[PDB]
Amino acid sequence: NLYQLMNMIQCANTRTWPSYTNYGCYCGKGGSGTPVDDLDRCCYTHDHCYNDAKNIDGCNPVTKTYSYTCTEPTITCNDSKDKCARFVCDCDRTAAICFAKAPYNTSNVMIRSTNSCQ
């Protein structure tokens, strides 16, 4: 779920939401070019995770609601029986964690369509 994903990001980092809404070549809707740094690489993978998720019947990562738990900054996926809920939760979980780990370069904030993401 796009909103739950927001919270995993909230639950695992210091950096706010708009902080990722549009950063580098892949953080944000769709992606082009080659990832910029490793934070953008987090977004690249997330993306791909979402594409694979779509390979599950009736599975829309973007709107699927799963069961997860947060205890700043640890987050857990409680889905077992719903294959889509779990695949998507791990997708989002892995991203949040990936984000908290990566450095935040302020010069990559809006290089979109600017030519490096061909």
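Just count from 1 along the sequence shown to find any residue number.
According to the PDB record, 68-76 carries the higher mean C-alpha B-factor of the two stretches 81-89 and 68-76. Of the two segments examined, 18-26 and 93-101, it is 18-26 that shows the higher average Cα temperature factor in the deposited entry. Sorting the modelled residues of the chain by their CA temperature factor places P61 in the lowest third.
Placement of the Cα temperature factor of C42 within the chain: lowest third of the modelled residues, per the deposited record.
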